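Every number here is computed from the coordinates shown, using simple stated rules; none is lab data. Heads up, the Cβs are rebuilt from the backbone with ideal geometry, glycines too, and the neighbour counts pull from every protein chain shown.
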Amino acid sequence: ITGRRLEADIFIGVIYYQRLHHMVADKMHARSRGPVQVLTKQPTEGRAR
Amino acid sequence: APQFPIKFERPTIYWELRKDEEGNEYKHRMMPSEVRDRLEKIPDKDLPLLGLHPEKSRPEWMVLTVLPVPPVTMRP
């Protein structure tokens, strides 16, 4: 941003990095209203349902 | 009236240690009908001494004669 030299020598290298399956696309869940359990009349369990 | 010891066997078996004519001790199985008949004779005044309520929990009601089947909503 500033374009100035950093006051410290920054350690930089090549590191093998792995992307894991824990993605936010499969983890975001939002429920307002919907299906309920027949026995307890309470909200169901799971993002799929 | 003489009394005899009562032995409790799990889960719901009751044994009465009665005495024979010759003095021998034998276990007599008390059927639930006999137990309920014995429990029916207890007056309401002695129920607080036994930890029971005369109007809420009679001793004879602990022996089931009518079984209430739950509604279909309870067992969908």
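The table that follows gives values for the structure above.
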item: Candidates B:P59, B:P48, B:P32, ranked by Gaussian network fluctuation over chain B, Cα under 10 Å, top entry; result: B:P48
item: Over the protein assembly as shown, volume per residue of the alpha carbon convex hull, in Å³; result: 471 Å³
item: Chain B: C-alpha pair distances exceeding 22 Å, %; result: 44 percent
item: Cα convex hull of chain A - mean projected area over all directions, nm²; result: 8.0 nm²
item: Average Cα contact separation per residue, chain B, under 8 Å, 6 or more apart, as relative contact order %; result: 16 percent
item: Rough spin-label spacing in nm, given labels placed 7 Å along Cα→Cβ, for B:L50 and B:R75; result: 3.1 nm
